[PDB]
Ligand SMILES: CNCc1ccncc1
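Next up: just one chain, as structure tokens, the form deposited without the named molecule.
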């Protein structure tokens, strides 16, 4: 899977909100482009003159994420964040010249991402009460990953003393994205656990935070909620479920070639952090079959 790289694997089966610090600083922003940000403005003008209903939105930028020494007391993760936008993303990560920007960032700053917007995404491994994970089918008509399989997710929106409010928005946003797209009541969802961070090398290294969320509804009940919205209540064109038993070998299935990179990141981290038991009971051969 060259199109996904793990930046962070969380310890302890995943981190709760109270164990994470954020540092939001203009030091963590994208660097101005070599020949100026006029190149971003030109791409945006061309786009608006074709699709004048499009508009810009602020986003969090991922600079880096440092884990504490394992087994320590106190905060376990520091997220270094800056600010970016949908406009800056279209002019950098989704530019035809994105690989040239990565090479120039290595040369100029010793940082392949220095000239990239790198907006932070969120996604969820969402488990049902009857032990399935939730998958969504993408429209064949959209620009990104058309017709591919995804997991629920979206965007934390900017709109430890500003730090704790930013961590709150990250955790809140993955629940809101589940409620908006799957049409589930908020009170059927657990507080999220952060599993890790994955990068999409097909989008020039754009990173997503991947979370575990448990729902108190069965797969049949989740399906009913999703469908009862009607086609206008969701961006996806379908919902489906895979037993958690079978997610263990998903990379060996024909489904793996249909998964978009950020969804592959969610499933790899689910397998490593929530699966992959370490104890004698769950590690015994009848509960963890060899191969």
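Residue numbers count along the first chain shown, from 1.
Not pictured, yet referred to below: the form solved in complex with the named molecule.
Using the site C-alpha superposition to carry the named molecule over in the bound PDB entry, what's the verdict for this chain: open, or blocked with 3+ ligand atoms inside 2.4 Å of backbone or C-beta?
After the site C-alphas are aligned, the pocket of the shown chain is open to the transferred ligand.
What stretch, of 102-110, 117-125, 212-220, 186-194, brings heavy atoms to within 4.5 Å of the named molecule in the bound PDB entry?
Looking at the other structure, the answer is 117-125.
With the distance limit set at 4.5 angstroms and only heavy atoms considered, check whether 138, 151 and 154 all reach the named molecule in the bound PDB entry.
Answer is yes for this spot.
Is residue 92 near the named molecule? Define near as a heavy atom within 4.5 Å, in the bound PDB entry.
Residue-level check for residue 92: no, no contact with the named molecule.
Are there residues in 185-209 with a heavy atom within 4.5 Å of the named molecule in the bound PDB entry, and which are they, in order?
Residue within 4.5 Å: 208, and no other.
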